[PDB]
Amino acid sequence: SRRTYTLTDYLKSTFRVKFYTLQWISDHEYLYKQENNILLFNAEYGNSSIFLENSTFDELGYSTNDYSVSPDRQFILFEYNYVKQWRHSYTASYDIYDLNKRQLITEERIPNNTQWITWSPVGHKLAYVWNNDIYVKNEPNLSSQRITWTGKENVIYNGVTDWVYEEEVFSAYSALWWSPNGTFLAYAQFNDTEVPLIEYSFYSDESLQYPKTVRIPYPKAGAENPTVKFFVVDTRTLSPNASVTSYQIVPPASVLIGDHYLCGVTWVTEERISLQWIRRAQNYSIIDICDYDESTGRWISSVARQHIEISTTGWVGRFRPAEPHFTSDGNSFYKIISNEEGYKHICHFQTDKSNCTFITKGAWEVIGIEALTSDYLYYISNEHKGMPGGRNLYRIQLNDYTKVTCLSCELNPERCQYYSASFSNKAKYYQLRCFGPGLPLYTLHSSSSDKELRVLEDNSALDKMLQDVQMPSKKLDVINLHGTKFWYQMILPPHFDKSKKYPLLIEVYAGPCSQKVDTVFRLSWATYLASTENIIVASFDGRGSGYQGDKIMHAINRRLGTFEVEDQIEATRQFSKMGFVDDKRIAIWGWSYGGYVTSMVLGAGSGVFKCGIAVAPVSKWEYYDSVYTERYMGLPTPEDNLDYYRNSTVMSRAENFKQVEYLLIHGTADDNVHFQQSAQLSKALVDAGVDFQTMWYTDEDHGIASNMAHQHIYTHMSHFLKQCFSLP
């Protein structure tokens, strides 16, 4: 008999899952890193030529973290000195190389500690942020022109997001957007003057005698939020002895009236820009299409060019409103919005008309719009086979919504049921990325007749390797809760014995619009637990989960910690009846919202779970950030939703932990879910005379992802579970 997938196999990634990352640079060509050099492929034929010899990297005096070729191909940025900040943010040093002269620009260099940098969409202009201010370099070798003067550490950010905007609104650090042709440079200014500071200790290397205190303007629920300003700069007049020509665009009056967020920016044409704003409440957003007035430099908005989007049952969009996809000429756009029935579908809008027309419909949802031509619209949805945890690429005819074809559905039906796509510049070619249920598969296709063209990466090596290991099997199925069909997944140990009662581990996320059940292939900790430790690992998507319509997703609106926690319990009760499950050994674990749900479940007193592990959990919503929290909970005031904020804390269920074995884990430098959350929960448990276990991870943040900490937590969690399940 073979061997099993071990914890070390997981921790050291002994079984490599290959991928194929390419960067389109034209309607038919893409850059790809092979053996350290940047190759240039011609999708059409498959022939490649060298674009940058690995040799050039060696001659640089540092490790190249990332590269970015200019749109006209005359220059390339070299990113080094990478220093991570939050989830997307970081600082770095940059060198600009001249691909013509095949030399390295040395005059007027990009500054040290640059916060963000980007080429214009055409040519080779540059805009970057340094010390919270924006700078523009029209030519690599020329000196930069300062765009903003208000930048102030921890107070005013120009061109980059503050903490909450990076994490909860844009999911990006960048807040700069060049116009299609480089005339205009739009940017947002964030003002955190009145945002309270979260403070926590950072111990750093053993050599530091006194700990450092980290301070971050971070708006917790109901607190003062950062304010925002959007401007469009006319770069044509940037001159050393000239002022900066910029125009401030404000949101329509229906949002300007109170606290709001800027949630999206889309350039339509050189003279048309679409701004998307949302009220602080987040159930009311509006798109404002503004046109440039050549005679005054103003950006004008009109009531006819404005489009509202609200939600009466919940919040708008999944984590933010979906983005508008404009036609080439900008006279109309396609965007995903909720149906009359609550399902997210593509609607066609006239830029200056309010009524829109849905072009897709059904008891399923469009995930996103991937590409748009004059003739077609390509999108991703979970329509196929009615499985919401599946994803496929579809193409619909614009002049006939009856003609919709599925480009990926039948390519490899057993191996591939979960895809994402990447199209070349005018959608003439697309790369399909299959993430499971079988081994990932990357392939290239021509939009003309949808020919397979060629395989880019098929993971044959991993496949050869895995046939010698006793892998667990993954099965998806459905169970009915309160008249609704909900999906679950179970990772089952190899050589499954129906007569044996296996211990069961429930892995949970369960946050609003979460999806823990899908057909994605993963080599994870659960793979190990099932393969070597014979533990069945299962996940369930109940009320509050996404991609199945707003009736399901919005079910937990204003009441986080109720129906989603309850469904995890009821679903587990059903699993516990299966003959091959040892109902006396059921555990539950989760990270983040999953840690919160795990804790609420253990504190429910259901008698269904023997033990559980919460990693970096929210323990009280008033401790989490304003943007995410308020979106689902409203404000913690008696006039709004205070009662539901107060009875949804983990601390309120403290007494009930006397019935279970609990492991609470948290990184001390978590800037996201503050260590404070676990500190407050451990204290209430201690105050209740409840015994449990904890594990802090010094200086680790929300991902507890440094190499050693990562190995350590999974090793520590595996020992705790084995002890809970009486496993040798």
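Here, rigid core means the biggest group of C-alpha atoms that superpose within 1.5 Å across both forms. Residue positions are given as counts along the sequence shown, with the first one as 1.
- Please work out whether 476 to 484 or 492 to 500 has the higher root mean square C-alpha deviation in 6 other deposited structures of this protein relative to the shown form, with the rigid core as fitting region? Once the cores are fitted, 492 to 500 deviates more in 6 other deposited structures of this protein.
- Outlying stretch relative to shown form, 44 to 52 versus 59 to 67 in 6 other deposited structures of this protein, C-alpha RMS (core): With the rigid core superposed, the C-alphas that lie farther in 6 other deposited structures of this protein are those of 59 to 67.
- Per the entry, where is the mean C-alpha temperature factor higher: 592 to 600 or 424 to 432? Mean C-alpha B-factor is greater for 424 to 432.
- Compare the mean C-alpha B-factor of 669 to 677 with that of 40 to 48 as given in the PDB entry, and name the stretch with the higher value. Result of the comparison: 40 to 48.
- Message: Quiz for you: based on the deposited Cα B-factor, which of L393, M490, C356, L560 is highest?
- Response: Comparing C-alpha B-factors across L393, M490, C356, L560, the maximum falls on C356.
- Task: Specify which of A221, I613, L104, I287 carries the largest Cα B factor in the deposited PDB entry.
- Result: The C-alpha B-factor peaks, among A221, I613, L104, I287, at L104.
- Query: Where does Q723 sit by CA temperature factor within its chain: lowest, middle or highest third?
  - Reply: Middle third of the chain for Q723's C-alpha B-factor.
- Message: Test of reading the entry: by CA B factor among the chain's modelled residues, which third contains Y135?
- Response: CA B-factor rank for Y135: middle third.
- Message: Going by the CA temperature factor in the PDB record, which third of the chain does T484 belong to: lowest, middle or highest?
- Response: Highest third - that is where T484 ends up once the chain's C-alpha B-factors are sorted.
- Relative to the other modelled residues in the chain, which third contains the C-alpha temperature factor of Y509: lowest, middle or highest? Lowest third, going by the recorded CA B-factors of the chain.
- Task: Report the third (lowest, middle or highest) to which the CA temperature factor of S473 belongs, ranking only the modelled residues of the same chain.
- Result: According to the entry, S473 has a C-alpha B-factor in the chain's middle third.
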